[PDB]
Amino acid sequence: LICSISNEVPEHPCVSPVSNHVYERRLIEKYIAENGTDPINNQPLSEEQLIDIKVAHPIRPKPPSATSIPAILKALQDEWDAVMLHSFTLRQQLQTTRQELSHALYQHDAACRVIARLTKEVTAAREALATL
Amino acid sequence: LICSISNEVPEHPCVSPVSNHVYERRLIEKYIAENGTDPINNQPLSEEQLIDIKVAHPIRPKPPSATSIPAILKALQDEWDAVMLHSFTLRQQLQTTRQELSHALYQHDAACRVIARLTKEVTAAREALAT
Amino acid sequence: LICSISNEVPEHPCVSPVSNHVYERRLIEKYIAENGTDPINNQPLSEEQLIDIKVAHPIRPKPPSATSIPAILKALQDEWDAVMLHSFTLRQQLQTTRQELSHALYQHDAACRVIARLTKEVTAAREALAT
Amino acid sequence: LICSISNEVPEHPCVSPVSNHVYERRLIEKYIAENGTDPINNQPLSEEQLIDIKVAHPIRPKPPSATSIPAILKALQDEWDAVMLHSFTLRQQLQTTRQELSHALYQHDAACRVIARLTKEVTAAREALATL
Amino acid sequence: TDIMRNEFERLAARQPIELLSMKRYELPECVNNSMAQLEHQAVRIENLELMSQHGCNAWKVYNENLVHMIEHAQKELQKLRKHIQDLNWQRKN
Amino acid sequence: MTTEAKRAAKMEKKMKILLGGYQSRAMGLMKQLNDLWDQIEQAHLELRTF
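Chains as they are written, first to last, in PDB author numbering: chain q, 3 to 134; chain r, 3 to 133; chain t, 3 to 133; chain s, 3 to 134; chain Z, 63 to 90, 105 to 169; chain L, 703 to 752.
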């Protein structure tokens with residue numbers, strides 16, 4: 003759609019066969035006549051090496067759409083590759099919650115033995131003192 | 003802008019250095035392994051001989067009613083219908099071209115015999131006026 | 003063998019240099035485009051930092067079987083149907099492990115308030131024993 | 003499924019994080035202790051730089067399955083790849099034969115006008131000579 | 063001149079039957109089918125968010141590309157038109 | 703199911719009137735290519751015949 007040298011919409015696109023990036027024929031031709039090189043990569047290129055854009059041959063194409071079978075298959079990659087990252091958001095957050103639950107239930111199991119002894123000791127002090 | 007094998011709009015176009023023509027990498031890679039030569043010009047070409055090209059990338063707007071459901075059911079069904087009924091109809095077109103070839107060459111050779119027959123006729127009629 | 007983001011076998015793996023971890027080129031790029039960081043170590047990493055690793059041999063294609071093609075349509079349907087539930091079940095479990103963790107934190111801080119009153123009953127007892 | 007030092011099937015595939023090309027833990031470790039370098043690229047590499055052991059964690063094992071899903075789409079691409087290659091060669095011969103059809107039909111009716119001319123001249127020679 | 067592809071394709075066209083894709087995704105064993113509908117619906121509603129964010133700007137940007145693509149074809153229609161009439165012009169003389 | 707179905711379908715026709723012009727525009731353009739690419743190829747005949 004654009005010419006990489008000028009930045010215009012090229013009216014005669016010709017693609018190079020060394021550092022291809024669709025150039026305008028009239029622009030690239032002058033670049034070759036200046037010095038036999040490709041403007042981007044600075045690799046050697048002649049005018050015969052450059053090739054105009056063409057209809058493929060005899061197989062008829064249709065424009066790139068959502069229906070087209072290959073475009074539909076690359077779509078289903080995007081679906082699954084995104085959903086695979088959705089699983090990491092829940093696998094990584096699960097490893098924090100279960101790690102905080104493990105330390106929480108351990109602090110609960112370490113503390114409730116001290117609640118059981120104070121309920122013993124404060125009642126034993128009431129059982130001892132009241133009898134005297 | 004298109005590929006010169008399938009009639010695609012390539013996602014990773016690559017150009018061959020023997021014949022300046024852009025192909026989609028998968029389809030040109032397959033041809034070289036089948037028979038190591040350029041498909042169009044029939045010139046010697048290898049996988050290392052190819053040159054990958056870069057462009058601003060191609061964008062397809064995935065339809066508004068796009069889900070796993072239509073993409074699995076309705077869209078994929080239409081794609082293998084459209085592949086099936088086209089190539090069958092294309093095989094029908096190739097069969098008639100060969101039949102209509104035979105009617106062309108026969109009618110041509112039929113005309114050649116008329117000319118050859120009339121070439122003897124005319125000049126001898128002109129010769130008879132001279133005599 | 004496994005990219006540590008999706009769980010796939012990577013077809014163009016790339017390794018991060020801040021933390022030794024072979025990711026897949028597509029997935030690591032999307033993460034860096036979201037935020038310039040490494041997903042495991044959270045260290046400042048960029049796209050130019052990545053070194054494309056080479057793994058030519060491991061690539062091994064699945065040859066499902068002679069398997070009928072209309073059936074392969076319903077397999078891909080079932081496999082997406084399964085992965086959708088295998089992603090769902092792994093997220094509700096994360097929410098309930100965090101939820102049950104929050105119930106432990108209330109009991110943890112509620113218990114250490116109950117120890118303060120029990121220490122007072124012991125302090126009151128030590129004063130009475132002295133008298 | 004091969005190490006890139008000895009050529010054995012690696013039972014503990016570790017990789018270097020400079021020019022990874024999956025090695026085996028024993029051989030790469032012996033190369034590092036010999037001289038701190040990567041054997042393939044001769045870059046700087048140490049023992050801590052290596053990523054050892056298998057990776058499966060928070061993933062679930064799916065041994066390259068026959069009735070799975072991701073490879074079905076890959077198979078759907080591979081069969082389409084042929085569909086396009088077939089349609090091209092079928093179209094080339096379609097249009098390349100149409101050139102022979104077109105050039106013939108044109109040249110046929112062109113050669114047909116030779117007769118129309120020839121017939122009327124032949125006819126003129128008859129009445130001329132006859133009346134003379 | 064194709065592999066297995068041609069055998070099943072010609073059989074599908076001859077028999078006049080398309081291969082059935084079962085993705086019970088729509089209806090919903106149904107505990108799974110239900111959980112499928114949720115994740116794809118959440119992916120759907122996220123897939124409609126990133127479209128509406130850009131909105132019509134992403135569409136009309138591609139519409140401009142299609143006009144650059146079209147005009148190039150009709151320039152070649154003219155170049156062929158001129159050289160075709162130019163050959164006939166020489167024949168006439 | 704039905705909530706996100708009613709969400710996404712209303713989300714669809716949010717886009718389907720927005721893109722639906724451009725859907726019809728792109729269909730009108732894609733026809734116009736396929737109109738020309740006969741006459742492109744029809745011209746490719748009448749070079750080499752002529």
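The beta carbon of each residue, even a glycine, is placed where N, CA and C say it ideally should be.
Contact under 9 Å by Cβ, residue i with residue j
i	j	result
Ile53/t	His23/t	no
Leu29/s	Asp40/s	no
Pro19/s	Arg27/s	no
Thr99/r	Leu96/s	yes
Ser6/s	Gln45/s	no
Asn9/r	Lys56/q	no
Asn139/Z	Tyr724/L	yes
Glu102/s	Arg128/r	no
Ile742/L	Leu153/Z	yes
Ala710/L	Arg120/Z	yes
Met703/L	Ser67/q	no
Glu13/s	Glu31/s	no
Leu107/q	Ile117/t	no
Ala132/t	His110/q	no
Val17/r	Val17/q	yes
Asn169/Z	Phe752/L	no
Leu738/L	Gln150/Z	yes
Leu78/s	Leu78/r	yes
Cβ neighbour criterion (16 or more within 10 Å) applied to residue i
i	result
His88/s	buried
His105/r	exposed
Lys85/Z	buried
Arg115/t	exposed
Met717/L	buried
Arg167/Z	exposed
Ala112/Z	buried
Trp135/Z	buried
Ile65/Z	exposed
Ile146/Z	exposed
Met729/L	exposed
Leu749/L	exposed
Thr69/r	buried
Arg157/Z	exposed
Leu82/Z	exposed
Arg93/s	buried
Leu721/L	buried
Span of the beta strand (DSSP E), counted from its first residue to its last, around residue i
i	result
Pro41/r	Looking at the DSSP string, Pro41/r is not in any beta strand (DSSP E), and its letter there is neither H nor E.
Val24/r	24-26
Where residue i sits in the DSSP three-state scheme
i	result
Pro15/q	strand
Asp54/s	coil
Residue interval of the alpha helix (DSSP H) (run including residue i)
i	result
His59/t	Where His59/t is concerned, there is no enclosing alpha helix (DSSP H), given that its DSSP letter is neither H nor E.
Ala112/s	72-133
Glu714/L	704-750
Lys158/Z	133-168
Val107/Z	106-123
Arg67/Z	66-76
Residues that residue i contacts on chain C, provided the C-beta gap is smaller than 7 Å
i	result
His105/s	Among the protein chains of the structure shown, namely q, r, t, s, Z and L, there is no chain C.
Cβ contact check for the stretch 109-121 of chain Z and the stretch 78-94 of chain t: 3 or more pairs under 8 Å: yes
Three-pair Cβ contact test at 8 Å for the stretch 65-85 of chain r versus the stretch 69-84 of chain t: yes
Segment contact flag, the stretch 60-67 of chain t with the stretch 67-78 of chain Z, C-beta cutoff 8 Å, min 3 pairs: no
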